[PDB]
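To start, the structure under review is shown below, and the notes come after it.
All Cβ positions, even for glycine, are placed from backbone atoms using ideal geometry, and neighbour counts span all protein chains on display. Any read-out appearing in this document is the output of simple, stated calculations on the displayed coordinates, not a laboratory observation.
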Amino acid sequence: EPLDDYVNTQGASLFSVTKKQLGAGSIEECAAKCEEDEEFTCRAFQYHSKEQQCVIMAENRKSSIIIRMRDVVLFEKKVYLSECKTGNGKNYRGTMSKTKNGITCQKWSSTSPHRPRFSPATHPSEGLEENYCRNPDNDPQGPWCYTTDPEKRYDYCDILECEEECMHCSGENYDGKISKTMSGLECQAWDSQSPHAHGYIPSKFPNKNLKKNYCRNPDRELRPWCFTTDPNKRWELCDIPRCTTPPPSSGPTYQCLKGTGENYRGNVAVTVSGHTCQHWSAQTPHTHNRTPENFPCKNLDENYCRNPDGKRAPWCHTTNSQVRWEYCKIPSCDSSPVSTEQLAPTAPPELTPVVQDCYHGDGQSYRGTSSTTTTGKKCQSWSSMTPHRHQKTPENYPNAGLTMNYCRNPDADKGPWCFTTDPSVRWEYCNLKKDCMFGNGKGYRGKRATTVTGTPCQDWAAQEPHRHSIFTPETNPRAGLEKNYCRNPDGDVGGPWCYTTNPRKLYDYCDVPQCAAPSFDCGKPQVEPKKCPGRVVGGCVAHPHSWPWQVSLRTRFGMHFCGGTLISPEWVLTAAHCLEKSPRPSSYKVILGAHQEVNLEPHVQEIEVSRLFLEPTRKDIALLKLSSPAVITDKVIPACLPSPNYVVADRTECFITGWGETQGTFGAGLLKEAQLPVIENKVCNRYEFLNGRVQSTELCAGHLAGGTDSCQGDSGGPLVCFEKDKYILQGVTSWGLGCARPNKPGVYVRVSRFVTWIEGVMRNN
């Protein structure tokens with residue numbers, strides 16, 4: 001199959017020895033454009049995917065120094081990662097770190113130990129690089145290394161033996177082939193809209209490796225697992241033949257102080273706390289969670305003790321119990337750690353609401369990612385975090401050429417860019433720089449075709465000038481992408497542009513401006529918005545209506561406890577957890593536009609939802625449809641189509657609009673906010689924490705480290721999809737009460753389960 005040698009964690013490239021450059025637009029086309037040349041089997045490759053420009057580097061991290069950006073990808077085919085062979089040799093590209101007897105980096109092309117068997121040029125495509133391990137001479141033994149010590153070579157210690165169905169070395173090698181279970185039942189597809197309305201096809205975050213249904217165990221359970229086809233068993237332990245080896249050697253170790261702290265040679269253990277601790281002859285008879293036989297020979301000097309994980313010191317036991325997480329504190333020149341890595345957001349709106357007159361045209365193409373602006377001010381010194389707040393720093397990616405005060409290419413989107421130190425623009429240029437649209441394509445039921453080049457583009461089904469195998473319009477057909485009509489697949493916040501009739505460049509815009517849809521569009525900030533990092537409970541801020549997509553859901557007198565969402569001139573979604581108990585007549589209440597509790601003002605929509613509602617089954621998905629049509633206004637925005645058959649994104653953040661209580665100032669008044677991601681598929685439904693206490697067909701949100709759901713008042717708001725570049729909809733925000741309950745969010749309500757009335761009544765009212 002054309003896919004089965006790719007596994008990468010991304011964001012890198014290099015200042016390589018020699019370099020090469022081509023183009024392509026699809027993934028199967030690789031099998032007729034990349035492998036066909038003899039020049040090398042690419043030890044790194046660099047396909048900048050969004051604009052068909054493609055690159056490759058003749059040498060890699062095994063021989064040269066690194067660079068990084070967003071969308072910049074040191075692709076490394078599993079051949080150059082092949083820490084193995086089986087049988088007489090086939091793909092081995094070892095790099096072995098540290099043996100029983102202390103071998104590490106020394107080279108093939110060294111004439112010592114014995115008359116030179118290989119050097120990098122001695123075959124054109126088997127990679128006889130520096131020290132790095134190979135099966136070259138038809139010599140069938142496989143794992144061995146050339147060394148400073150002649151004594152012996154071929155034996156079954158550093159010959160690793162990957163029985164690939166479970167753990168070896170770090171336990172990351174979980175790319176197994178089996179799928180079967182302890183019960184003898186079988187496991188659900190991720191590959192259709194039945195039996196269940198969802199799938200895990202490869203265009204989602206790659207480190208999951210979720211191919212079809214084979215064993216994935218990313219958090220290392222004691223036995224493998226996943227979702228049974230049977231919705232009664234639902235998910236369960238996977239079951240397999242036995243395991244033994246594990247083929248360990250001297251393995252991995254750190255070269256500077258990111259490390260575990262195991263190597264604590266010290267002749268003491270001192271702290272301010274006490275006197276002395278445990279020589280485990282003291283185990284008589286209280287057994288301890290660590291004892292010396294599980295550290296078999298590791299410098300336990302009678303018993304000056306030795307580190308059991310965490311950081312740079314011992315923290316073991318004493319016959320007293322004051323604090324067991326007391327580490328030793330010996331004064332010495334040990335170490336200098338700092339916080340680390342990842343991400344790129346906190347971006348500015350570049351002053352577009354009536355555009356500040358310091359930008360030109362639609363930026364039709366600039367030789368990579370760039371269609372970018374020229375608003376133009378002062379650059380960031382990349383050896384300081386400066387100036388105004390943004391989520392990450394140069395010392396997150398330090399080896400990427402980021403020494404001196406080097407101006408260096410950051411994260412691709414603008415083209416060659418620098419963090420611009422000014423309120424009018426937060427990024428610009430790297431300091432050594434040499435039938436028309438609904439707007440965003442999602443279900444654009446139309447057929448204009450313009451470029452700024454004027455006339456129609458190419459049809460994406462066609463193979464001249466641009467070409468594809470997979471990405472035919474028919475392959476992604478849900479509202480039609482046929483013929484030479486306009487389609488932005490980005491649906492970009494920058495507006496409609498397309499992979500034009502113009503060959504081999506970024507895009508082109510229409511001849512045509514965006515027709516207006518504000519305050520009825522899916523959920524757009526039209527004045528492009530301010531943003532801040534969140535990850536504080538309740539709310540750091542209560543902004544003047546830049547969250548305008550607001551309905552408040554209220555008692556019979558009109559006191560405030562819930563929220564809500566318009567979805568047409570009469571259609572609405574809200575919560576119901578004050579309802580959700582008895583099928584009464586008109587008096588429970590809804591307000592359309594109060595960003596606040598009792599403190600309304602008369603510009604808000606204040607015709608009550610006299611015609612309350614609840615489903616043919618009572619569920620909190622209340623379409624509190626308006627009696628009348630709405631009285632829409634700019635600080636009171638509907639969502640729209642609450643559709644089934646869409647699916648939410650994953651691991652990234654969702655959001656809720658929050659009419660909850662304050663915590664830390666005045667006791668009542670105003671709406672606050674929460675940003676909150678997808679939870680891992682092994683939390684609620686599981687043996688330890690709960691054993692199945694909640695009905696998982698409702699949709700959640702929650703961090704890797706705490707938050708809320710929709711609190712009081714937050715309830716019922718637009719259940720905002722962060723998809724197709726600006727907010728749209730899946731379900732309604734459910735209930736809410738009880739602020740800040742640590743790491744315990746709650747319900748949001750799905751539409752497909754009750755669709756015959758939930759999407760039914762809202763037809764053309």
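Things worth noting here:
- Pairwise label distance in nanometres, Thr617 with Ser109, each label 7 Å out on the Cα-Cβ vector: 6.9
- Charge tally in the Cβ shell below 14 Å around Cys133, where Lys, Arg are +1 and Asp, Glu are -1, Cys133 excluded: +2
- Under 5 Å, built H, 5+ apart or other chain: amide partners of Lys672: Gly658, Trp659, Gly660
- Think of the chain as having a plus end and a minus end, set by charges on the Cβ of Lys, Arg, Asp and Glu; of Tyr174, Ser336, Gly664, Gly664 sits farthest toward the positive end of this dipole.
- Global geometry of the stretch 397-550, whether rounded, prolate or oblate, following the gyration tensor of its Cα atoms and the 1.5 cut on a/c: oblate
- Ordering of 693-703, 609-619 by burial proxy (mean other Cβ atoms within 10 Å per residue, highest first): 609-619, 693-703
- Fully extended contour minus Cα-Cα distance, from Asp309 to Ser321, at 0.36 nm per residue: 2.4 nm
- Taken over the alpha carbons of the chain as equal point scatterers, the Debye sum produces base-10 log I(q)/I(0) values at 0.05, 0.08, 0.09 Å⁻¹ of -0.34, -0.90, -1.12.
- If the segment from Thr665 to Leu600 were pulled out straight at 0.36 nm per residue, it would be longer than the present Cα-Cα gap by 21.4 nm.
- Exceeding the 26 Å Cα-Cα cut-off - candidates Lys20/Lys414; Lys100/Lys258; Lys392/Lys682; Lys90/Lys152; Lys258/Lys392: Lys392/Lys682
- The length gained by stretching the chain between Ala197 and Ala58 to full extension, at 0.36 nm per residue less their Cα-Cα distance, is 45.5 nm.
- Whole-Hz couplings from phi, Karplus 6.51/-1.76/1.60, listed for the stretch 177-193; x for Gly and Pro: 10, 6, 7, 6, 9, 4, 5, x, 6, 9, 10, 4, 5, 10, 9, 6, 10
- Amide H contacts for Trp427 (H built 1.01 Å from N in the peptide plane; partners 5 or more residues away or on another chain; cut-off under 5 Å): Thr420.
- Across the stretch 14-31, coupling constants 3J(HN,Hα) worked out from phi with the 6.51/-1.76/1.60 Karplus curve, θ = phi - 60°, read 9, 6, 5, 5, 9, 9, 8, 8, 8, x, 6, x, 9, 8, 7, 3, 3, 5 Hz, and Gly and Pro carry x.
- Around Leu160: net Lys/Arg minus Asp/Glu count, Cβ-Cβ under 10 Å: -2
- Charge dipole magnitude, Cβ of K and R +1, D and E -1 - the chain, Cα centre, debye nearest 20: 1000
- Using a simple spin-label model with pseudo-atoms 7 Å out from Cα toward Cβ, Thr455 and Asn743 lie 6.4 nm apart.
- Calculated FRET efficiency for the pair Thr374/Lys581, C-beta based, R₀ 60 Å, to 0.05: 0.50
- Overall form of the stretch 4-84 per C-alpha gyration tensor (a/c, 1.5; a/b vs b/c): rounded
- With an a/c value of 1.5 or above and a/b not larger than b/c for the gyration tensor axes a ≥ b ≥ c computed over the alpha-carbon atoms, the stretch 435-516 is described as oblate.
- Label-reachable residues, the stretch 1-34, where backbone N falls under 16 Å from a point 7 Å from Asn476's Cα toward its Cβ: 25-29
- Two-site FRET efficiency, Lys90 against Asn209, from Cβ-Cβ distance with R₀ of 22 Å, rounded to 0.05: 0.50
- Under the combined filter of DSSP loop state and at most 13 neighbouring Cβ atoms within 10 Å, the stretch 53-133 retains these trypsin sites (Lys or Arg not before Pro): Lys90, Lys100.
- Violating pairs (Cα-Cα greater than 18 angstrom) within the set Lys433/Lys530; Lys177/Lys211; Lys180/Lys212; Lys377/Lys530: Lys433/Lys530; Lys377/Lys530
- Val683-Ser250 FRET efficiency (beta carbon distance; Förster radius 51 Å; 0.05 resolution): 0.85
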